[PDB]
Amino acid sequence: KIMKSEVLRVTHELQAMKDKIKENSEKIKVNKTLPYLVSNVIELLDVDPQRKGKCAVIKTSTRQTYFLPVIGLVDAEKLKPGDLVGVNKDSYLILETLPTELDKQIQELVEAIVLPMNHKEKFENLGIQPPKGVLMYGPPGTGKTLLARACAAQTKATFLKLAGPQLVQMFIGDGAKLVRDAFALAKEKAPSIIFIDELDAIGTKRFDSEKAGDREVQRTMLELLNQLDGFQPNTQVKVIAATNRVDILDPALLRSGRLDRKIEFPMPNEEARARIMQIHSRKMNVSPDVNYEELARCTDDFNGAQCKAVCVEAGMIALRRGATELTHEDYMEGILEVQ
Amino acid sequence: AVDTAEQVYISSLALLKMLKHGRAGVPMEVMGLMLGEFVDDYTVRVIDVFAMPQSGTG
Amino acid sequence: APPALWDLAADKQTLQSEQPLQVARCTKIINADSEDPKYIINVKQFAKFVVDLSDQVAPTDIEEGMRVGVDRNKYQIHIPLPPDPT
């Protein structure tokens with residue numbers, strides 16, 4: 001063991017290094033305390049001909065452009081064209097980059113969002129990618145908007161509102177800005193839940209290509225399909241879509257990353273109306289007389305918002321009816337009251 | 001309550017240290033310390049001048 | 001001049017009181033708060049600023065988009081303010 005006696009000096013040098021890094025590692029808190037302003041970063045690869053080529057283009061908030069190479073600590077998610085980065089008074093170095101900005105269905109919604117995050121072990125053991133796009137289509141009456149948003153609130157994760165008129169803006173070019181923004185919060189921030197609705201109305205493919213806004217909504221929408229079919233790593237936040245009609249369905253939605261789990265929900269018959277309406281009345285005071293037969297039959301061509309309005313109208317006259325519990329005939333009274 | 005006529009003696013040491021310290025004088029606030037010896041009331045002589053490490057506070 | 005007489009004679013302590021309350025950075029308003037130490041602020045000059053909260057203002061009294069006083073030297077929040085149009 002005479003040859004292994006030199007290891008003690010190596011360990012003394014290592015512990016001496018750990019004892020001497022406290023100063024230069026301690027000044028990080030007083031030098032890199034807080035960036036007082038915010039500056040935008042745009043990536044631009046340079047070439048010097050070590051003497052290696054590496055630089056970046058900076059843009060301050062005060063509309064002043066300066067020069068600085070790619071510097072800082074070990075970068076993993078950095079080097080992207082983002083904002084809200086670290087900057088000192090005048091050195092203008094990069095130190096800290098930060099991103100700027102219920103009963104009848106519980107299986108398909110909860111699984112499709114948990115398995116691409118928790119079941120990675122079975123993904124590595126089987127080599128199978130999970131489905132991404134789910135299409136809650138079918139005739140109206142199910143209430144996919146209020147029930148799908150309510151179940152998205154029951155997912156206990158982050159929820160981001162995104163509708164039709166949200167992406168469609170008065171100016172041009174903003175659609176891709178809100179797509180890269182929904183991918184900023186969703187893709188860049190924590191995994192959130194985004195539910196859009198009425199995709200069939202904007203998925204119109206006309207023959208006369210002279211006047212159709214829905215084809216610019218197919219430029220932003222098919223640009224999202226470019227950012228899903230073109231971008232293989234779709235393991236992050238998915239795109240959940242739903243339509244109220246099967247009149248004009250986009251044929252280019254046939255992909256695992258795209259809308260694959262197209263679950264057909266038919267007209268809300270006594271069973272389905274008893275399901276979504278048992279959800280709508282699973283907590284309120286329901287008297288032991290609501291057979292749901294006549295009132296579930298009279299709910300024809302009534303969406304979940306209009307059926308919720310029927311529940312409100314049932315919640316209107318029961319005050320003056322004298323009974324503190326909602327009765328059977330008050331549902332059909334609300335139906336015949338709205339229409 | 002008394003005052004005299006003081007005059008600061010400046011040699012080439014502090015001058016050149018302020019020239020190199022001025023070359024390394026980044027816009028960040030810097031710190032320095034001057035030394036010397038007090039021989040009487042109305043004279044002061046500086047000999048030793050060094051620099052201090054910069055900090056985010058200034 | 002009669003109104004400026006008593007206040008002019010009472011202007012002596014304004015020199016010893018001129019050192020405090022000097023903080024004025026155009027009353028820049030914040031945008032949001034991702035984490036409790038670091039707060040994102042946006043000035044009216046279209047310049048986004050970030051600074052840590054001072055010890056004189058409690059973190060529970062901070063509201064989203066609230067105009068409060070902020071230093072121009074230490075960049076910290078010295079004292080907030082309640083604010084009037086017709």
# chains A, B, ... in the order shown; residues from 1 in each chain; ligands from 1
call {"tool": "closest_atom_pairs", "arguments": {"of": "chain C", "to": "chain A", "cutoff": "10 Å", "atoms": "only C-alpha atoms", "output": "CSV"}}
result
residue,atom,partner,partner_atom,distance
C:34,CA,A:100,CA,9.4
C:37,CA,A:34,CA,9.7
C:38,CA,A:34,CA,7.7
C:40,CA,A:38,CA,8.8
C:41,CA,A:37,CA,8.7
C:42,CA,A:37,CA,9.2
C:45,CA,A:62,CA,7.8
C:46,CA,A:61,CA,6.6
C:47,CA,A:61,CA,4.9
C:48,CA,A:38,CA,5.3
C:49,CA,A:37,CA,4.0
C:50,CA,A:36,CA,4.9
C:51,CA,A:36,CA,5.7
C:52,CA,A:34,CA,7.3
C:75,CA,A:36,CA,7.9
call {"tool": "write_last_selection", "arguments": {"atoms": "N, CA, C and O atoms", "output": "PDB file, in the first residue's frame"}}
result
ATOM      1  N   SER C  34     -43.738  36.402 -10.613  1.00  0.00           N
ATOM      2  CA  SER C  34     -43.491  34.972 -10.741  1.00  0.00           C
ATOM      3  C   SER C  34     -42.956  34.383  -9.441  1.00  0.00           C
ATOM      4  O   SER C  34     -43.375  33.295  -9.031  1.00  0.00           O
ATOM      5  N   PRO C  37     -39.085  37.097  -4.261  1.00  0.00           N
ATOM      6  CA  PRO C  37     -38.005  38.096  -4.214  1.00  0.00           C
ATOM      7  C   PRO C  37     -38.003  39.039  -5.408  1.00  0.00           C
ATOM      8  O   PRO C  37     -38.008  40.264  -5.239  1.00  0.00           O
ATOM      9  N   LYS C  38     -38.006  38.485  -6.617  1.00  0.00           N
ATOM     10  CA  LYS C  38     -37.853  39.265  -7.838  1.00  0.00           C
ATOM     11  C   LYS C  38     -39.220  39.641  -8.395  1.00  0.00           C
ATOM     12  O   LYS C  38     -40.080  38.775  -8.587  1.00  0.00           O
ATOM     13  N   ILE C  40     -41.198  41.878 -11.490  1.00  0.00           N
ATOM     14  CA  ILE C  40     -41.073  42.501 -12.802  1.00  0.00           C
ATOM     15  C   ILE C  40     -41.853  43.811 -12.799  1.00  0.00           C
ATOM     16  O   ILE C  40     -43.033  43.846 -12.431  1.00  0.00           O
ATOM     17  N   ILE C  41     -41.186  44.897 -13.188  1.00  0.00           N
ATOM     18  CA  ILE C  41     -41.778  46.227 -13.201  1.00  0.00           C
ATOM     19  C   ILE C  41     -41.609  46.817 -14.594  1.00  0.00           C
ATOM     20  O   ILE C  41     -40.621  46.550 -15.285  1.00  0.00           O
ATOM     21  N   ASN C  42     -42.584  47.624 -15.007  1.00  0.00           N
ATOM     22  CA  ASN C  42     -42.560  48.280 -16.310  1.00  0.00           C
ATOM     23  C   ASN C  42     -42.762  49.775 -16.117  1.00  0.00           C
ATOM     24  O   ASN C  42     -43.774  50.199 -15.548  1.00  0.00           O
ATOM     25  N   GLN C  45     -41.779  54.637 -19.785  1.00  0.00           N
ATOM     26  CA  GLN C  45     -40.872  54.822 -20.910  1.00  0.00           C
ATOM     27  C   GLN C  45     -40.618  53.535 -21.690  1.00  0.00           C
ATOM     28  O   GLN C  45     -39.617  53.458 -22.416  1.00  0.00           O
ATOM     29  N   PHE C  46     -41.489  52.534 -21.544  1.00  0.00           N
ATOM     30  CA  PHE C  46     -41.378  51.263 -22.265  1.00  0.00           C
ATOM     31  C   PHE C  46     -40.071  50.546 -21.931  1.00  0.00           C
ATOM     32  O   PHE C  46     -39.442  49.926 -22.791  1.00  0.00           O
ATOM     33  N   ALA C  47     -39.656  50.635 -20.668  1.00  0.00           N
ATOM     34  CA  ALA C  47     -38.450  49.975 -20.179  1.00  0.00           C
ATOM     35  C   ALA C  47     -38.834  49.093 -18.997  1.00  0.00           C
ATOM     36  O   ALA C  47     -39.236  49.599 -17.944  1.00  0.00           O
ATOM     37  N   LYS C  48     -38.711  47.780 -19.172  1.00  0.00           N
ATOM     38  CA  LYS C  48     -39.058  46.838 -18.117  1.00  0.00           C
ATOM     39  C   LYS C  48     -37.915  46.728 -17.114  1.00  0.00           C
ATOM     40  O   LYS C  48     -36.759  46.526 -17.497  1.00  0.00           O
ATOM     41  N   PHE C  49     -38.241  46.863 -15.832  1.00  0.00           N
ATOM     42  CA  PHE C  49     -37.261  46.800 -14.760  1.00  0.00           C
ATOM     43  C   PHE C  49     -37.590  45.652 -13.813  1.00  0.00           C
ATOM     44  O   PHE C  49     -38.738  45.215 -13.705  1.00  0.00           O
ATOM     45  N   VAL C  50     -36.559  45.164 -13.126  1.00  0.00           N
ATOM     46  CA  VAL C  50     -36.693  44.087 -12.150  1.00  0.00           C
ATOM     47  C   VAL C  50     -35.854  44.443 -10.932  1.00  0.00           C
ATOM     48  O   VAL C  50     -34.683  44.814 -11.066  1.00  0.00           O
ATOM     49  N   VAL C  51     -36.449  44.337  -9.742  1.00  0.00           N
ATOM     50  CA  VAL C  51     -35.755  44.643  -8.497  1.00  0.00           C
ATOM     51  C   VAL C  51     -36.380  43.818  -7.379  1.00  0.00           C
ATOM     52  O   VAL C  51     -37.527  43.374  -7.470  1.00  0.00           O
ATOM     53  N   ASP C  52     -35.607  43.603  -6.319  1.00  0.00           N
ATOM     54  CA  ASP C  52     -36.097  42.880  -5.158  1.00  0.00           C
ATOM     55  C   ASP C  52     -36.864  43.816  -4.227  1.00  0.00           C
ATOM     56  O   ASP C  52     -36.652  45.032  -4.209  1.00  0.00           O
ATOM     57  N   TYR C  75     -33.138  51.510  -6.121  1.00  0.00           N
ATOM     58  CA  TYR C  75     -34.140  50.847  -6.952  1.00  0.00           C
ATOM     59  C   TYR C  75     -35.199  50.113  -6.140  1.00  0.00           C
ATOM     60  O   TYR C  75     -36.060  49.444  -6.723  1.00  0.00           O
TER      61      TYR C  75
END
call {"tool": "interface_residues", "arguments": {"of": "chain B", "to": "chain C", "cutoff": "12 Å", "atoms": "only C-alpha atoms", "output": "list in words"}}
result
residues 56, 57 and 58 of chain B
call {"tool": "write_last_selection", "arguments": {"atoms": "N, CA, C and O atoms", "output": "PDB file, in the first residue's frame"}}
result
ATOM      1  N   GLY B  56     -21.368  44.491  -6.657  1.00  0.00           N
ATOM      2  CA  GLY B  56     -22.621  44.919  -7.252  1.00  0.00           C
ATOM      3  C   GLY B  56     -23.253  46.098  -6.541  1.00  0.00           C
ATOM      4  O   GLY B  56     -24.006  46.863  -7.150  1.00  0.00           O
ATOM      5  N   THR B  57     -22.962  46.264  -5.248  1.00  0.00           N
ATOM      6  CA  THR B  57     -23.524  47.386  -4.504  1.00  0.00           C
ATOM      7  C   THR B  57     -22.844  48.696  -4.886  1.00  0.00           C
ATOM      8  O   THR B  57     -23.508  49.730  -5.024  1.00  0.00           O
ATOM      9  N   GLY B  58     -21.527  48.671  -5.068  1.00  0.00           N
ATOM     10  CA  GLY B  58     -20.794  49.862  -5.446  1.00  0.00           C
ATOM     11  C   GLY B  58     -20.141  50.561  -4.272  1.00  0.00           C
ATOM     12  O   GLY B  58     -19.718  49.913  -3.310  1.00  0.00           O
TER      13      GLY B  58
END
call {"tool": "closest_residue", "arguments": {"among": "B:28, B:34, B:42, B:9", "to": "chain A", "atoms": "only C-alpha atoms"}}
result
B:28
call {"tool": "select_by_dssp", "arguments": {"residues": "chain B", "states": "strand (DSSP E or B)", "output": "JSON, numbers by chain"}}
result
{"B": [7, 8, 9, 32, 33, 34, 35, 36, 37, 43, 44, 45, 46, 47, 48, 49, 50, 51]}
call {"tool": "select_by_dssp", "arguments": {"residues": "segment 85-133 of chain A", "states": "alpha helix (DSSP H)", "output": "count of residues only"}}
result
19
call {"tool": "interface_residues", "arguments": {"of": "chain A", "to": "chain B", "cutoff": "7 Å", "atoms": "only C-alpha atoms", "output": "ChimeraX atom specification"}}
result
/A:30-31,90
call {"tool": "write_last_selection", "arguments": {"atoms": "C-alpha atoms", "output": "mmCIF file, in the first residue's frame"}}
result
data_model
loop_
_atom_site.group_PDB
_atom_site.id
_atom_site.type_symbol
_atom_site.label_atom_id
_atom_site.label_comp_id
_atom_site.auth_asym_id
_atom_site.auth_seq_id
_atom_site.Cartn_x
_atom_site.Cartn_y
_atom_site.Cartn_z
ATOM 1 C CA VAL A 30 -23.276 40.175 -4.463
ATOM 2 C CA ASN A 31 -22.290 40.508 -8.142
ATOM 3 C CA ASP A 90 -23.169 48.454 -18.082
#
call {"tool": "residues_around", "arguments": {"residues": "segment 272-281 of chain A", "least_positions_apart": "2", "cutoff": "7 Å", "atoms": "only C-alpha atoms", "output": "VMD selection string"}}
result
chain A and resid 102 to 104 142 268 to 270 283 to 284 292 296
call {"tool": "closest_residue", "arguments": {"among": "C:82, C:7, C:63, C:55", "to": "residue 32 of chain C", "atoms": "only C-alpha atoms"}}
result
C:63
call {"tool": "residues_around", "arguments": {"residues": "residue 235 of chain A", "least_positions_apart": "2", "cutoff": "9 Å", "atoms": "only C-alpha atoms", "output": "PDB file with N, CA and C atoms, in the first residue's frame"}}
result
ATOM      1  N   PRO A 116     -48.029  10.818 -20.492  1.00  0.00           N
ATOM      2  CA  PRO A 116     -46.813  11.370 -21.103  1.00  0.00           C
ATOM      3  C   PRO A 116     -45.870  12.057 -20.125  1.00  0.00           C
ATOM      4  N   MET A 117     -46.147  12.001 -18.832  1.00  0.00           N
ATOM      5  CA  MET A 117     -45.284  12.587 -17.811  1.00  0.00           C
ATOM      6  C   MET A 117     -44.913  11.598 -16.717  1.00  0.00           C
ATOM      7  N   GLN A 129     -45.052   6.037 -28.148  1.00  0.00           N
ATOM      8  CA  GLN A 129     -45.440   7.401 -27.825  1.00  0.00           C
ATOM      9  C   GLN A 129     -46.941   7.477 -27.558  1.00  0.00           C
ATOM     10  N   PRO A 130     -47.366   8.337 -26.638  1.00  0.00           N
ATOM     11  CA  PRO A 130     -48.786   8.405 -26.286  1.00  0.00           C
ATOM     12  C   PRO A 130     -49.550   9.281 -27.262  1.00  0.00           C
ATOM     13  N   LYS A 132     -51.793  12.372 -28.554  1.00  0.00           N
ATOM     14  CA  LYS A 132     -51.708  13.781 -28.196  1.00  0.00           C
ATOM     15  C   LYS A 132     -53.024  14.524 -28.371  1.00  0.00           C
ATOM     16  N   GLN A 232     -41.185  16.810 -33.866  1.00  0.00           N
ATOM     17  CA  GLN A 232     -41.427  15.475 -33.326  1.00  0.00           C
ATOM     18  C   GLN A 232     -41.579  15.438 -31.807  1.00  0.00           C
ATOM     19  N   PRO A 233     -40.762  16.142 -30.995  1.00  0.00           N
ATOM     20  CA  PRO A 233     -40.946  16.046 -29.537  1.00  0.00           C
ATOM     21  C   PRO A 233     -42.192  16.766 -29.048  1.00  0.00           C
ATOM     22  N   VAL A 237     -47.079  19.941 -23.460  1.00  0.00           N
ATOM     23  CA  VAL A 237     -48.500  20.283 -23.486  1.00  0.00           C
ATOM     24  C   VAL A 237     -49.107  19.985 -24.848  1.00  0.00           C
ATOM     25  N   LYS A 238     -50.237  19.281 -24.839  1.00  0.00           N
ATOM     26  CA  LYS A 238     -50.921  18.857 -26.048  1.00  0.00           C
ATOM     27  C   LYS A 238     -51.917  19.925 -26.500  1.00  0.00           C
ATOM     28  N   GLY A 257     -49.579  12.926 -33.219  1.00  0.00           N
ATOM     29  CA  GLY A 257     -49.467  14.225 -32.581  1.00  0.00           C
ATOM     30  C   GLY A 257     -50.696  15.088 -32.775  1.00  0.00           C
TER      31      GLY A 257
END
call {"tool": "atom_distance", "arguments": {"atom1": "atom CA of residue 23 of chain B", "atom2": "atom CA of residue 27 of chain A"}}
result
23.1 Å
call {"tool": "atom_distance", "arguments": {"atom1": "atom CA of residue 36 of chain B", "atom2": "atom CA of residue 48 of chain B"}}
result
6.5 Å
call {"tool": "atom_distance", "arguments": {"atom1": "atom CA of residue 67 of chain A", "atom2": "atom CA of residue 80 of chain A"}}
result
17.1 Å
call {"tool": "residues_around", "arguments": {"residues": "residue 25 of chain C", "least_positions_apart": "3", "cutoff": "9 Å", "atoms": "only C-alpha atoms", "output": "PyMOL selection string"}}
result
chain C and resi 28+43+69-73+75
call {"tool": "residues_around", "arguments": {"residues": "residue 15 of chain B", "least_positions_apart": "4", "cutoff": "12 Å", "atoms": "only C-alpha atoms", "output": "list in words"}}
result
residues 9, 10, 11, 19, 20, 21, 22, 34, 46, 47, 48, 49 and 50 of chain B
call {"tool": "write_last_selection", "arguments": {"atoms": "N, CA, C and O atoms", "output": "PDB file, in the first residue's frame"}}
result
ATOM      1  N   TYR B   9       0.113  66.620  -0.867  1.00  0.00           N
ATOM      2  CA  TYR B   9       1.271  66.248  -1.667  1.00  0.00           C
ATOM      3  C   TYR B   9       0.939  65.020  -2.507  1.00  0.00           C
ATOM      4  O   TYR B   9       0.485  64.001  -1.978  1.00  0.00           O
ATOM      5  N   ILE B  10       1.168  65.117  -3.815  1.00  0.00           N
ATOM      6  CA  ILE B  10       0.858  64.045  -4.755  1.00  0.00           C
ATOM      7  C   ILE B  10       2.131  63.683  -5.506  1.00  0.00           C
ATOM      8  O   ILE B  10       2.680  64.512  -6.243  1.00  0.00           O
ATOM      9  N   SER B  11       2.595  62.451  -5.320  1.00  0.00           N
ATOM     10  CA  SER B  11       3.766  61.948  -6.020  1.00  0.00           C
ATOM     11  C   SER B  11       3.327  61.184  -7.269  1.00  0.00           C
ATOM     12  O   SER B  11       2.152  61.186  -7.646  1.00  0.00           O
ATOM     13  N   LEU B  19      -3.874  56.227 -12.781  1.00  0.00           N
ATOM     14  CA  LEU B  19      -3.922  56.074 -14.231  1.00  0.00           C
ATOM     15  C   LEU B  19      -4.246  54.640 -14.626  1.00  0.00           C
ATOM     16  O   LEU B  19      -5.070  54.412 -15.518  1.00  0.00           O
ATOM     17  N   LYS B  20      -3.609  53.662 -13.978  1.00  0.00           N
ATOM     18  CA  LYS B  20      -3.975  52.270 -14.212  1.00  0.00           C
ATOM     19  C   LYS B  20      -5.354  51.969 -13.643  1.00  0.00           C
ATOM     20  O   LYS B  20      -6.142  51.237 -14.257  1.00  0.00           O
ATOM     21  N   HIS B  21      -5.666  52.528 -12.472  1.00  0.00           N
ATOM     22  CA  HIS B  21      -7.003  52.378 -11.910  1.00  0.00           C
ATOM     23  C   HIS B  21      -8.046  53.086 -12.764  1.00  0.00           C
ATOM     24  O   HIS B  21      -9.209  52.671 -12.792  1.00  0.00           O
ATOM     25  N   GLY B  22      -7.648  54.149 -13.467  1.00  0.00           N
ATOM     26  CA  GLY B  22      -8.548  54.781 -14.415  1.00  0.00           C
ATOM     27  C   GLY B  22      -8.720  53.986 -15.690  1.00  0.00           C
ATOM     28  O   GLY B  22      -9.801  54.001 -16.289  1.00  0.00           O
ATOM     29  N   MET B  34      -6.175  55.128   0.245  1.00  0.00           N
ATOM     30  CA  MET B  34      -4.895  55.817   0.234  1.00  0.00           C
ATOM     31  C   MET B  34      -4.231  55.727   1.604  1.00  0.00           C
ATOM     32  O   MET B  34      -4.901  55.692   2.638  1.00  0.00           O
ATOM     33  N   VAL B  46       0.988  61.232   0.584  1.00  0.00           N
ATOM     34  CA  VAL B  46       0.472  59.924   0.198  1.00  0.00           C
ATOM     35  C   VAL B  46       1.591  59.148  -0.487  1.00  0.00           C
ATOM     36  O   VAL B  46       2.313  59.697  -1.329  1.00  0.00           O
ATOM     37  N   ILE B  47       1.750  57.881  -0.107  1.00  0.00           N
ATOM     38  CA  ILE B  47       2.793  57.035  -0.679  1.00  0.00           C
ATOM     39  C   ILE B  47       2.192  55.748  -1.234  1.00  0.00           C
ATOM     40  O   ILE B  47       2.444  55.382  -2.388  1.00  0.00           O
ATOM     41  N   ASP B  48       1.393  55.055  -0.426  1.00  0.00           N
ATOM     42  CA  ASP B  48       0.836  53.760  -0.795  1.00  0.00           C
ATOM     43  C   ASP B  48      -0.600  53.923  -1.273  1.00  0.00           C
ATOM     44  O   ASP B  48      -1.434  54.499  -0.565  1.00  0.00           O
ATOM     45  N   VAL B  49      -0.882  53.412  -2.469  1.00  0.00           N
ATOM     46  CA  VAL B  49      -2.217  53.447  -3.057  1.00  0.00           C
ATOM     47  C   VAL B  49      -2.464  52.118  -3.758  1.00  0.00           C
ATOM     48  O   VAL B  49      -1.670  51.704  -4.609  1.00  0.00           O
ATOM     49  N   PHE B  50      -3.559  51.451  -3.400  1.00  0.00           N
ATOM     50  CA  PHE B  50      -3.943  50.185  -4.004  1.00  0.00           C
ATOM     51  C   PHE B  50      -5.416  50.234  -4.392  1.00  0.00           C
ATOM     52  O   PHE B  50      -6.133  51.189  -4.083  1.00  0.00           O
TER      53      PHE B  50
END
call {"tool": "residues_around", "arguments": {"residues": "residue 199 of chain A", "least_positions_apart": "6", "cutoff": "12 Å", "atoms": "only C-alpha atoms", "output": "list in words"}}
result
residues 135, 136, 137, 162, 163, 164, 165, 167, 214, 217, 218, 221, 239, 240, 241, 242, 243, 244, 245, 246, 247, 248, 249, 250, 253 and 259 of chain A
